[PDB]
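> Quick mapping for you: the protein sequence lines, in order, are chains A and B.
Just so you know, the first sequence maps onto residues 1072 to 1171, 1185 to 1255, 1258 to 1271 in the deposited numbering.
Just so you know, the second sequence maps onto residues 105 to 165, 169 to 306, 312 to 372 in the deposited numbering.
Every residue, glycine too, gets a C-beta built ideally from N, C-alpha and C.
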Amino acid sequence: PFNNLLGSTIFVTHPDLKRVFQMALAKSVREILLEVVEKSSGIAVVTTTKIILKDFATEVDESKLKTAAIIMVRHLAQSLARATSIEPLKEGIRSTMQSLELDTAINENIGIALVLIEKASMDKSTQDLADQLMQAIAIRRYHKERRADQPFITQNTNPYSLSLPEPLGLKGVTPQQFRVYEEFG
Amino acid sequence: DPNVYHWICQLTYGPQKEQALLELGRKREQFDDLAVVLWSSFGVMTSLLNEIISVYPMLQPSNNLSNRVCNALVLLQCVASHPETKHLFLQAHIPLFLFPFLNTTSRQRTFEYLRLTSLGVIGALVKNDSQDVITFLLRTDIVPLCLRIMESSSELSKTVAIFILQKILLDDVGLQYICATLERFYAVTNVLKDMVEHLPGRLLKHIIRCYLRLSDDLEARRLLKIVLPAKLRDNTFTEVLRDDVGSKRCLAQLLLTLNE
């Protein structure tokens, strides 16, 4: 659609064919968009929820939880989106093209279509998580205001993480190094 | 013990971390532990998952990169099949990241090992016989995907594929999903029929096991009467079946269950 479908030759540079091409991409996207986003984000928010809470059990400053919670589920969804959408999109993009050299043209412009299924599956992921992190975000607000100098959480289970060793395990608070791991990627 | 802590530390932070992945993978068979240590440890699961998700753009067609991620896969395979960490791993929706790997059709030795290692995880996930695993797997396109593997590619990956299926069929919930419809029934039967004609090996013992399982369902028991591969009814496989008692007792019963 926008930005001329650059760069390419043929289908991009021929106006009559340019129209039916843009119509093929849009129909391709709208077809799998609903199917992909629901499933991908569904795995993203769940798999991050269980991971983050386990690792962050001793962590305070929900802003520091939110920061590492958001970027984890966002990037993980965007990665599961592109990977999921790539194959069926193209196969559909060609299938809807012949009905109404191809691979060379579409592989240049498949970037846009992918970016939408990413952006969409990301935002619904950041949403569904925030609603499911509410109880975990709230239970730390009470423990922040009501009891300050006290140790943190141990909400349900950390039986084997009660072990001693160096920062492969739960501490106090999460050290700057441990918080750096989930701070990047 | 304390050559492990340093490697795990490296895996999370320390620069090499492929060597550590290699080392820890080699020592994964001892102490009957470290499965819990891998899960309970901070940053490990996030890191192990990061190794996997870095292979996604590479799925367009490789090399040692495929060996690196394969080492992270056996690590996850170690986490799986461990009673403490199994249901935690399962309920954490981690294994669902291994399906795009399994979707790869490439027959290169690399992608052959990729799928093979990844198959080991799911195979280990069903190894301990837990019903919640089955009901989780049937949520997904796994069973049709295994069927793709069973007919083609490598005898090794096939042996893993037929095993995973046999486990699902063994469960009452799995035997319901398969053999629910003719579309799903004839999807599995034809492949099993193909492998028998296209055929010591374990592939035969598992195939017989699957038929004997499908012999339970009466609606399946009827259709199998006609749809049974004649090779099994014949004596063709007898010679190789003399060495396996269990395979013989299952095949004999399958024939006994067949007809009336």
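Among the residues of its own chain, which have a CB less than 6 Å from the CB of B:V181, if the five just before and after it don't count?
Counted from its first residue, the second sequence places residue 181 of chain B at position 74. For B:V181, where only same-chain residues beyond five positions count, the Cβ hits under 6 Å are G129.
> Our contact map puts B:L276 next to B:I269 with C-beta atoms below 8 Å; I'd like the distance itself, whole angstroms only.
Numbered from 1 along the second sequence, position 169 holds the residue referred to as residue 276 of chain B. Numbered from 1 along the second sequence, position 162 holds the residue referred to as residue 269 of chain B. The Cβ separation is near 10 Å, so there is no contact.
> From A:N1191 to B:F206, what does the alpha carbon distance come to, in whole angstroms?
In the first sequence, counting from the first residue as 1, residue 1191 of chain A sits at position 107. In the second sequence, counting from the first residue as 1, residue 206 of chain B sits at position 99. The alpha-carbon atoms of A:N1191 and B:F206 are separated by roughly 23 Å.
> Which residue wins for smallest C-alpha separation from B:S144, given the options A:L1151, A:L1124, A:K1135?
As a first step, residue 144 of chain B must be located in the second sequence, where it is residue number 40. When only C-alpha atoms are compared, the closest one is A:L1124.
> Which two residues bound the contiguous alpha helix (DSSP H) that contains residue 1184 of chain A?
Placed between 1171 and 1185 in the numbering, residue 1184 of chain A has no coordinates, as chain A goes from one to the other without interruption by modelled residues.
> Straight-line CA distance for B:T348 to B:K234?
In the second sequence, counting from the first residue as 1, residue 348 of chain B sits at position 236. In the second sequence, counting from the first residue as 1, residue 234 of chain B sits at position 127. If I take the Cα positions, the gap works out to 31 Å.
> Is any heavy atom of the ligand FMN found at a distance shorter than 6 Å from the C-beta of A:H1227?
Among the components modelled here there is no ligand, and therefore nothing to report on the ligand FMN.
> Hey, is A:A1097's beta-carbon within less than 7 Å of any beta-carbon in chain B?
Numbered from 1 along the first sequence, position 26 holds the residue referred to as residue 1097 of chain A. Not closer than 7 Å to any Cβ of chain B, the Cβ of A:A1097 fails to qualify, so no.
> Would you please verify whether the beta carbon of B:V159 is less than 7 Å from any beta carbon of chain A?
For the purposes of this step, residue 159 of chain B is taken as residue 55 along the second sequence, with counting starting at 1. No - not a single Cβ of chain A is within 7 Å of the one on B:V159.
> I'd like to check one pair, A:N1193 with A:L1076: are the Cβ atoms closer than 7 Å?
As a working mapping, residue 1076 of chain A is identified with position 5 in the first sequence. As a working mapping, residue 1193 of chain A is identified with position 109 in the first sequence. Against a cut-off of 7 Å, the Cβ pair of A:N1193 and A:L1076 comes out as a contact.
> From B:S259 to B:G230, what does the alpha carbon distance come to, in whole angstroms?
Working through the second sequence from its first residue, we reach residue 259 of chain B at position 152. Working through the second sequence from its first residue, we reach residue 230 of chain B at position 123. If you take the alpha carbons of B:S259 and B:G230, they lie about 18 Å apart.
> Who are the Cβ neighbours of A:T1155 in its own chain at under 7 Å, not counting the five residues just before and after it?
On the first sequence, position 84 is the one that residue 1155 of chain A refers to. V1107, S1111.
> Going along the region 135–156 of chain B in order, which residues come within less than 9 Å of chain A, judged by CB to CB distance?
Listed in sequence order: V140, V141, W143, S144, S145, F146, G147, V148, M149, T150, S151, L153, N154.
> Anything in chain A within Cβ reach of B:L203, meaning under 7 Å, just list it in chain order.
Numbered from its first residue, the second sequence carries residue 203 of chain B at position 96. Residues of chain A passing the Cβ test: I1114.
> Any idea what DSSP makes of B:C185, helix, strand or coil?
The residue given as residue 185 of chain B occupies position 78 in the second sequence. Correct three-state label for B:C185: helix.
> Do you know how far the Cα of B:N174 is from the Cα of B:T247?
On the second sequence, position 140 is the one that residue 247 of chain B refers to. On the second sequence, position 67 is the one that residue 174 of chain B refers to. Computed Cα separation, rounded: 27 Å.
> What residues from chain A crowd round B:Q198, counting only those whose CB sits closer than 9 Å?
Counting from one through the second sequence, the residue named residue 198 of chain B turns up at place 91. In chain order: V1117, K1121.
> Flag A:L1252 as yes if its beta-carbon sits less than 7 Å from any beta-carbon of chain B, otherwise no.
Counted from its first residue, the first sequence places residue 1252 of chain A at position 168. For A:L1252, the answer is yes, since a Cβ of chain B falls inside 7 Å of its Cβ.
> What's the call for A:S1170, buried or exposed, on a 16-neighbour Cβ count within 10 Å?
Stepping through the first sequence from its first residue, residue 1170 of chain A is reached at position 99. Exposed: under 16 other Cβ atoms inside 10 Å.
> So, using beta-carbon positions, are B:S359 and B:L366 closer together than 7 Å?
Taking the first residue of the second sequence as 1, we reach residue 359 of chain B at position 247. Taking the first residue of the second sequence as 1, we reach residue 366 of chain B at position 254. No, they are not a contact pair.
> In the DSSP assignment, find the alpha helix (DSSP H) that holds B:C322 and state where it starts and stops.
To locate residue 322 of chain B, count along the second sequence from 1; it is residue 210. Taken as a continuous stretch (DSSP letters only), the alpha helix (DSSP H) holding B:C322 covers 314–326.
> Within 10 angstroms of the Cβ of B:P202, are there 16 or more other Cβ atoms? Answer buried if so, exposed if not.
Numbered from 1 along the second sequence, position 95 holds the residue referred to as residue 202 of chain B. So B:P202 counts as buried.
> Closest to A:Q1239 by C-alpha separation, out of A:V1083, A:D1087, A:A1128, would be which residue?
The count along the first sequence starts at 1 and reaches residue 1239 of chain A at position 155. Of the candidates A:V1083, A:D1087, A:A1128, the one whose C-alpha sits nearest the C-alpha of A:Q1239 is A:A1128.
> Tell me, to the nearest whole angstrom, how far the beta carbon of residue 1054 of chain A is from that of A:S1079; I am working on the premise that it is less than 8 Å.
Residue 1054 of chain A lies beyond the range of chain A shown here (1072 to 1271); nothing can be said about it.
> Taking the C-alpha atoms as reference points, what is the distance between A:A1095 and B:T266?
In the first sequence, the residue the question calls residue 1095 of chain A occupies position 24. In the second sequence, the residue the question calls residue 266 of chain B occupies position 159. Spanning the two alpha carbons is a distance of roughly 42 Å.
> Going along chain B, which residues have a C-beta under 8 Å from A:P1159?
Locating residue 1159 of chain A in the first sequence gives position 88, where the first residue counts as 1. Ordered by position in chain B, no residue passes the 8 Å Cβ test against A:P1159, which lies about 11 Å from the chain.
> Name, please, each residue of chain B whose Cβ falls closer than 7 Å to the Cβ of A:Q1216.
Looking up residue 1216 of chain A in the first sequence gives position 132. Within chain B, no residue comes near A:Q1216; the closest Cβ sits about 13 Å away, beyond 7 Å.
> Would you mind telling me which residues of chain B sit closer than 8 Å to A:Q1263, beta carbon to beta carbon, in chain order?
Translated into the one-based positions of the first sequence, residue 1263 of chain A becomes position 177. The contacting residues are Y117.
> So B:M257 and B:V228 are supposed to be a Cβ contact under 8 Å. How far apart are they, rounded?
To locate residue 257 of chain B, count along the second sequence from 1; it is residue 150. To locate residue 228 of chain B, count along the second sequence from 1; it is residue 121. Wrong, their Cβ atoms sit about 18 Å apart, outside the cutoff.
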